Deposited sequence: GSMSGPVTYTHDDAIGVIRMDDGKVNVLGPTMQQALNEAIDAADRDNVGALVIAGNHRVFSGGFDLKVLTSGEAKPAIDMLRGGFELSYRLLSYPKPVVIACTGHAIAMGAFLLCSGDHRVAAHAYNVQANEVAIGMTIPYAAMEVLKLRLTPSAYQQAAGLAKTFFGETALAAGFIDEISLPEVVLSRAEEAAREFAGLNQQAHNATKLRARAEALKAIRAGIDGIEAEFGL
């Protein structure tokens, strides 16, 4: 399958690799959800989500998006963001290559985000004639600076490295060969925080956003129906 789950002492590691660009279609979404179910079963201290050697994720499966299967894929994508944003343990994203559209929203759904200098991060929807869904806007608004939010969304601006960090698309820049190892190291460090206080505090930090993402998930049919 397109997802590999490993349980490594204090952490769970989930690696996406569909042999292509890790599109978040129904197959990948199911595989991710099952992997997180496995982490839940193991009661991991922290969880790493990684891409493959060429990308984090290129986004949704656009063949599907281009009514019901498209709606289900959209809902499932944003439900995954919600699941990771409300995860009771720290979540670290190993952004192992570019993160585009739903890949960028997924990247913005973890607590700590590690990327290499060259990796592009872009909500390219407007450049290809798609309006950004309300749930995705809320995910962006939660992390981007006010001015980077405007440009990322309305102008499909591409960020990388220092601009991605300043914008709020990522939290740490690492050399490409250590993005995954550094994400795993960070996750081990974060598993040392008090879990109860971490979860209580992250939810306070995200209360309005999580409500609005839920509303955005509920309203998908009223946009792509």
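- Within the chain's deposited sequence, the coordinate-free stretches run 1 to 4, 71 to 73, 233 in sequence order.
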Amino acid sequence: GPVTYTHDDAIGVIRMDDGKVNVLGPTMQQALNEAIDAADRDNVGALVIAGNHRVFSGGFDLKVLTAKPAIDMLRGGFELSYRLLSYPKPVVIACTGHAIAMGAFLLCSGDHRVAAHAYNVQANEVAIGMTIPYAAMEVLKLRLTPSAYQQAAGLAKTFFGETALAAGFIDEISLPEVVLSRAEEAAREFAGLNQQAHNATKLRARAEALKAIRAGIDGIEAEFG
From here on, numbers count along this sequence of modelled residues.
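- Here 179 to 187 and 56 to 64 are compared by their mean Cα B-factor, and 56 to 64 comes out higher.
- The stretch with the higher mean CA B factor, choosing between 44 to 52 and 195 to 203, is 44 to 52.
- In this structure the maximum Cα B-factor among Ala167, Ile173, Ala156, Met28 is found at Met28.
- Across the options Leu74, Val114, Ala148, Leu140, the residue with the most elevated CA B-factor in the record is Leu74.
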